[PDB]
Structures are given as C-alpha cells and as structure tokens.
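Okay, here's what each chain looks like letter by letter:
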Amino acid sequence: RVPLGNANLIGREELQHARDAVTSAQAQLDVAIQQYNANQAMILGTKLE
Amino acid sequence: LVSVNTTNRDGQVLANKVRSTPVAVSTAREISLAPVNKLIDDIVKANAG
C-alpha cells in the first residue's frame, strides 16, 4: 500500500491502519515468543533422565 | 592423705563472687558453611540458562 500513498492515491487513514496493523502483529509475535521461552525455562535442554 | 590448715580463720565460708569468663569452652564440631555455599552458587548458576 505504501507506493500509492507516496503519490497521494489513497487516504492517509488507510496507511495509518496498515502501519498500526504491522505493529500489532509484531507485538502479538513477541507475546508468543516470550510464552515459548517461558515454557523452555523448565527444560534447559537436558536429557530425560 | 590431706592435711588442711586452720590457724587463720578470717571468715569466708560460702563463695560470693562471679566471673565473666567461661570454663571449658569447646569449639570443635562447629562447621563452616563456605563449601556448601559455593556448591549452592554453582547449582543456581547452572539452572539459570
């Protein structure tokens, strides 16, 4: 969507929404990654015994 | 065979003095906790990542 806005062929609210969507997706990914890391704190990559 | 003198009898029959020094102090069997503290630090460091 960015190039259309560069030439002023879409509303600026459309660019704001897309950028905010990218940021929100990044935050959700961070939440998932930290959850997984929290789970891995109880194993520390050691054998079963 | 004990022979106790009694020529001088300036009266003092019951002990009436205190002292701020113990008798028969024994310190052996008191353990120093340094090596176990080193072991605890080693264990805690190994499980933090």
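Residues numbered from 1 in each chain as written, not as in the entry; some residues may be left out. Chains lettered and ligands numbered in written order. Part of a larger assembly, values for the part shown. Heavy atoms only, no water.

By the method listed in its record, cryo-EM, this PDB entry was determined to a resolution of 3.11 Å.

*Asks:* Can you lay out the overall build of chain B for me, pointing to particular residues and giving the numbers?
*Replies:* Helix and strand counts for chain B come out as 1 helix and 0 strands. Projected onto its principal axes, the C-alpha coordinates of chain B cover approximately 85 × 25 × 10 Å. For chain B, the exposed area adds up to about 5,700 Å²; of that, 58% sits on carbon and sulfur atoms. The distance from the centre of the 6 positive side-chain charges to the centre of the 4 negative ones in chain B is 9 Å. (Helix = DSSP H or I, 4+ residues; strand = E, 2+ residues; numbered from the N terminus. Areas by Shrake-Rupley, 256 points an atom, 1.4 Å probe, with all protein chains shown as cover. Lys, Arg positive; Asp, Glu negative; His and termini not counted. Charge placed at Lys NZ, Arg CZ, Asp CG, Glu CD.)

*Asks:* Lay out the overall build of chain A in plain terms, naming residues and giving numbers.
*Replies:* When helices and strands are tallied, chain A shows 2 helices and 0 strands. On the principal axes, the C-alpha backbone points of chain A span a range of 65 × 15 × 10 Å. Here chain A holds 49 residues, and the buried ones make up 0% of them. Working note: accessible area of chain A is about 4,700 Å², and carbon and sulfur atoms make up 58% of it. Positive and negative charge centroids in chain A, built from 4 and 5 side chains respectively, lie 5 Å apart. (Buried < 20%, exposed > 50% of the residue type's maximum accessible area, 1.4 Å probe, protein only.)

*Asks:* Can you explain unusual backbone geometry? Please cite residues and give values.
*Replies:* Residues and elements named next belong to chain A. Residues other than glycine seldom take positive phi values, yet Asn8 does so here, at roughly 70°. The backbone of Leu44 sits at a positive phi, close to 60°, despite the residue not being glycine. By the element assignment, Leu44 lies in the segment after α2 (12-40).

*Asks:* Residue-level account of the pattern of salt bridges, with values.
*Replies:* Residue and element names in this part refer to chain A. Enumeration over the complete set of coordinates arrives at 1 salt bridge over all chains. Residues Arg19 and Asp20 are paired through a salt bridge, measuring 3.7 Å at the closest nitrogen-oxygen approach. Under the relative-accessibility criterion, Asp20 is labelled partly exposed at 38%. (Salt bridge = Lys/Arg side-chain N within 4 Å of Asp/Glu carboxyl O.)

*Asks:* So, the environment of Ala48 of chain B: which residues are in play, and what are the values?
*Replies:* For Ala48 of chain B, the position within the fold is in the segment after α1 (34-46). With 14 residues separating them in the primary sequence, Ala48 of chain B and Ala34 of chain B have C-alpha atoms 22 Å apart.

*Asks:* An account of a nonpolar patch on the surface is needed here, citing residue identities and associated values.
*Replies:* Residues and elements named next belong to chain B. Residues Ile31, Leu33, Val36, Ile40 and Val44 make up a contiguous nonpolar surface patch of about 500 Å² in total accessible area. Position of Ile31 relative to the elements: it lies in the segment before α1. A relative accessible area of 71% places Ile31 in the exposed class. (Patch = residues over 30% accessible without salt bridge, like charges linked within 9 Å, V, L, I, M, F, W, Y side chains within 5 Å.)

*Asks:* Please give an account of the environment of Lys17 of chain B that cites residues and values.
*Replies:* Residues and elements named next belong to chain B. Inspection of the secondary structure puts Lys17 in the segment before α1. For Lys17, a relative accessible area of 66% translates into the label exposed. Residues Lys17 and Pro35, 18 residues apart in the sequence, show an inter-C-alpha distance of 44 Å.

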